[PDB]
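Each remark here refers to the structure printed beneath this line.
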Ligand SMILES: O=c1ccn([C@@H]2O[C@H](CO)[C@@H](O)[C@H]2O)c(=O)[nH]1
Ligand SMILES: O=c1ccn([C@@H]2O[C@H](CO)[C@@H](O)[C@H]2O)c(=O)[nH]1
Ligand SMILES: O=c1ccn([C@@H]2O[C@H](CO)[C@@H](O)[C@H]2O)c(=O)[nH]1
Ligand code: NA
Ligand code: NA
Ligand code: NA
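Chains as they are written, first to last, in the entry's author numbering: chain B, 1 to 231, 241 to 424; chain A, -1 to 285, 291 to 422; chain C, 0 to 234, 241 to 285, 292 to 417.
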């Protein structure tokens, strides 16, 4: 039974979290059982029942329209280098990453800046964040962080509650970090889409990341102390421009990091290839090692053993490098001309498991940005780095288990 | 048939009227200043378009800068290789023109070029000459004269740098004159950008020079000088800061600055064009063929007709002028150059194309307010609240200035020039 | 066929020029300068003459060439098919897009060196080579570490290892740091020259000879007249991924600044050539070639090719090495009209391998001041003299090259 394989996976994830908990006898049951109940509720809502799949389908239509609007600005700026004739000439190379993926960071950063300026995002965060604190009993600040994290990046997310950060507790801070590592940004989300990644999965994952982030944040470090209970751009054109420039230099940083990471990985594979020549192989790669290593974890979360090696590589690459490298090697399996055709339930698991910033490199990003908001807490942030990555990774896997289960029930994923 | 003078003088009268009606103190208006500015602007406008000797000078200047832009393209050809080559059109067609590779690098080169010209001492002299001419004829203060004269060549934030010890304690009318002169003007860097997009270069040069008196015109009309202009002896100019080591440093530094500027503009344009199409999606979804371009056009259609555009082509000019004010000139020009193509479905009259060219030539938009507020505060932090207050008024001042030159354009492009 | 006299002639002239421009010729440490000259010509004879050394140099060339290939994988990922071979089937000569072929190498090698700094490899290489230079030349530990570091990294990143010692270091030590930076390259832009076409083994050798050559003319122009510090230490990113990412971002904005500088410089040069060609075929290239022709002849270039080498070296000093190399690789094509000898191609490749130009003065002033702001006045004052020192160093390695080729 699929439900047995999924419930087992959920059991493993929750068990590992408790074993890594700082105070196991201090764990708030109402919070974590409520959080787990919400994440699986949203899971059943968007992936199982027809009404929710239609609502999710309408959302995909809307945001894709927005992405298309962004591409109008991309077509204007980069002319025919993003035209259709690129494939007619360069074939697969017709898809230029730096011109089709990175500019979406620029557009959405400006769009989010406009939405913040109008007052739309404050409303959405206040509503969703309010629902969380009312159900889970978490504080207001860490709750608002999760809602922001659904839409914006891990660094931009706590900005809405940034004066509360310098005084907030150990658990509240970790919850902000975990909620940050569990969720992507809307900017890079459209980036994944332009690479070929299924949009509806990314939407659902972004919403599930908020309670899932809180789930493993209250499991690893439950609230042991007292909380703190309480309660600019010139014009709209300035906000749009300010967001564009911000998203521009972010995109340059992202594009430069990927160019370096990919090249370094190939360099490592060259080293492992030579040294591994005496090990009886020589054709060994880092991808295979990660896949062979993370193979058990892939099988636990619902992936068949035949594809557990593949899923292991993608999950492995995600944590040690980033999600972009993972998704870049993942879309290669989504091609209809692929030698190895993945199952539908597998693709859903991976799509949810990979949707997160939880990696070794995001730690320094957290440290830098979260310190600018709270400099005296900088030592605390860097200390909770690894544990937060774990919390974020477990949140992604929880969403993956839930996803693979509901696709095993009534399946759906267009090629 | 020579009724154009009536239609033009009407437009001139309307533009000056709107200014006077929006003035802070109508009885404080210095007639010798505003009549001088209007007379100078129409004199320059006539001279370069009308008389043969003036057309030759504008043509000589055009050929000079055209060669400069060509020199810049050598660097572009070097850096981006064949992505800016001729066979880009043989392959991609119209899409062979890559805006990021054809336009933005010109911002880099000219920013480095102007850095060299400021280093040799050339630009300080030109500003000192033209600025001195404006304080003699218009009676405006020394500071606002240098700023207005500077704005002809450089940007709105870079221009007041030559008078930055004056900015701290200058009056509102002077402060408003600096802001207006910056909004009614362009930058030589982005000017070369418009040229590559297809915009007529001679019109740009003419509009750039008319920006200074036209700026001071509506600056002294909206906010006249009711206080004392500072004298040199009373001002102590706080020291120094960086001066570039040598000419190679100056060129390299200016290039890097122009590079990050080109990045900021490029990203802003990607966002703006996208957000515009997103608004068209919202409107088109709520309303069907209704777009923001059409609304802005239908809205500014009368104002387009006032300045001398035929009603058949008034809707188009309305969209372009509209898009300029609410977004920027790059978006306006990008839509304008499509009407300049020989195989274009919609064909405009020669006089209309000129009117639009001059009307669009200016930084007068809602975004430039925040640009001024930022850069002008770095020079004088105590005046930041005052700058932000006069933001909208100054944009209007810049708009009226650009429109005034456009009226003059249509009037003297009302014959056989066609430069 | 004994150009050994012509080479020794070149060495003599260069050293003589250095001595004449010195502050205190009576304070020159002979053991230091003769040692530095001895080491530089020893390295030359090792990697360019004797078989066992050419092999090691060839192996290092092969290794780094593989590293470069690994970097291109990341480049192929980012910029897709605009770096494919189809570009040549379409655009031909223009298929080679500089901004896409060369600049991203700076990003990759700035991240890689950041990793090597993180692992602890570079700290070891600096400590070993630096200790070798303080023992043989008698130079202070700090200025030896900086010179050794300048082999791998840039002029502003090299003194970062001896950063706390810069505030209290002497006039001669400071100049030696500046000279070491101007006489040397970075591994980032080194891979950039390789992608243009410039022979990798020459770039390898030149980068290693840069350190003792820099120390040579630094202790010649301003010898140590004060008391120094004896012992010195080499001496943060959260993890290796942070270091690799940070190095990439730094290299990115660096690549932006470099590319923009080239676009301007190239365009400004074409503008000057347009001014000169006015009525009221002479170019800035030819003029600089006409001026630096004698100095090109002294270092061992045949007079028939002295005009060409003069332009290239001339452009290097007044503009930069990228502009110089970009017009030098045109002579390395088999389809070129003017062919050059193998010895000349080696001479120019070594002479142009350095940041020593008029524009690098401001770069030194900027970065070296961030490390020691009270010494900013001293750095700017010694700017031109340091450019001379770096230039003479590159010329020395060029003489050594032309000598040991054959
Ligand atoms: O808005 C963003 C986008 C990216 N990143 C960082 O960049 C990596 C690649 O997108 C992510 O994993 C994350 O560490 C952020 O912190 N915020
Ligand atoms: O040198 C420049 C170029 C552009 N801009 C700003 O960027 C907008 C688009 O060019 C202009 O309207 C102006 O606000 C400047 O301020 N200075
Ligand atoms: O790592 C580097 C690379 C370049 N440059 C500066 O940039 C110029 C062009 O590469 C060089 O001459 C030098 O002045 C540095 O300072 N450090
Ligand atoms: Na997020
Ligand atoms: Na201006
Ligand atoms: Na160096």
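Each residue gets a CB set at the ideal place from its N, CA and C atoms; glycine is no exception.
Name the chain B residues that come within less than 7 Å of residue i, Cβ to Cβ?
i                      : result
residue 243 of chain C : 372, 373, 376, 391 and 394
residue 261 of chain A : 257
Residues of chain A with CB closer than 7 Å to the CB of residue i, please, in chain order.
i                     : result
residue 74 of chain B : 268
Can you pull the chain C residues whose beta carbon is under 7 Å from the beta carbon of residue i, in chain order?
i                      : result
residue 98 of chain B  : 77 and 78
residue 107 of chain A : 268, 269 and 272
residue 279 of chain B : 65 and 69
residue 306 of chain B : Those within 7 Å of residue 306 of chain B in chain C number zero; the least Cβ separation is about 20 Å.
Ligand 3 and residue i: does any heavy atom of the ligand fall closer than 7 Å to the residue's C-beta?
i                      : result
residue 337 of chain C : no
residue 259 of chain C : yes
What in chain C is Cβ-close to residue i, meaning under 8 Å?
i                      : result
residue 366 of chain B : Chain C residues near residue 366 of chain B: none, gap ~13 Å exceeds 8 Å.
Closer than 9 Å by beta-carbon distance: list the chain A residues that pair up with residue i, in chain order.
i                      : result
residue 383 of chain C : Correct list: empty, because the minimum Cβ distance to chain A is about 18 Å.
Would you mind sorting residue i into buried or exposed? The rule is 16 or more other CB atoms within 10 Å of its CB.
i                      : result
residue 292 of chain B : exposed
residue 280 of chain A : exposed
residue 226 of chain C : exposed
residue 100 of chain C : buried
residue 24 of chain C  : exposed
residue 314 of chain A : exposed
residue 384 of chain A : exposed
residue 1 of chain B   : exposed
residue 241 of chain B : exposed
residue 120 of chain C : exposed
Closer than 7 Å to a non-hydrogen atom of ligand 5 - does that hold for the CB of residue i?
i                      : result
residue 398 of chain A : no
residue 237 of chain A : no
residue 378 of chain A : no
residue 180 of chain A : yes
Please confirm whether any heavy atom of ligand 4 lies closer than 7 Å to the CB of residue i.
i                      : result
residue 157 of chain B : yes
What separation, rounded to the nearest whole angstrom, lies between the Cα atoms of residue i and residue j?
i                      : j                      : result
residue 311 of chain C : residue 394 of chain C : 28 Å
residue 66 of chain A  : residue 10 of chain C  : 43 Å
residue 161 of chain A : residue 181 of chain C : 38 Å
residue 20 of chain A  : residue 372 of chain B : 56 Å
residue 396 of chain B : residue 374 of chain A : 43 Å
residue 387 of chain A : residue 159 of chain B : 25 Å
residue 212 of chain A : residue 245 of chain A : 34 Å
residue 187 of chain C : residue 367 of chain B : 30 Å
residue 268 of chain B : residue 81 of chain C  : 15 Å
residue 71 of chain A  : residue 91 of chain A  : 20 Å
residue 322 of chain A : residue 405 of chain A : 16 Å
residue 236 of chain A : residue 380 of chain A : 16 Å
residue 94 of chain A  : residue 346 of chain B : 31 Å
residue 157 of chain B : residue 260 of chain B : 18 Å
Should residue i be counted as a contact of ligand 6 given a C-beta to heavy atom distance under 7 Å?
i                      : result
residue 183 of chain C : yes
residue 154 of chain C : yes
residue 149 of chain C : yes
Does ligand 8 have a heavy atom nearer than 7 Å to the CB of residue i?
i                      : result
residue 423 of chain B : Ligand 8 is not part of this structure, which contains only ligand 1, ligand 2, ligand 3, ligand 4, ligand 5 and ligand 6.
Strictly below 9 Å CB to CB, what residues from chain B border residue i?
i                      : result
residue 110 of chain C : 265, 266, 268, 269, 270, 272 and 273
Residue i touches chain B at which residues, Cβ-Cβ below 8 Å?
i                      : result
residue 415 of chain A : The premise fails here: residue 415 of chain A is roughly 34 Å from chain B at the closest Cβ pair, so nothing lies under 8 Å.
Any heavy atom of ligand 1 closer than 7 Å to the Cβ of residue i?
i                      : result
residue 370 of chain B : yes
Measuring only from the beta carbon, is residue i closer than 7 Å to any heavy atom that is part of ligand 2?
i                      : result
residue 331 of chain B : no
### Runs of alpha helix (DSSP H) lying entirely within the segment 333 to 411 of chain B, each at least 4 residues, in chain order
353 to 362, 371 to 382 and 387 to 392
### Task
Please list the segments of the alpha helix (DSSP H) lying wholly inside the segment 22 to 69 of chain C, counting only runs of 4 or more residues, in order along the chain.
29 to 47
### Task
Starting from the N-terminal side, write out each stretch of the alpha helix (DSSP H) that is 4 residues or longer and does not extend beyond the segment 194 to 230 of chain C.
199 to 220
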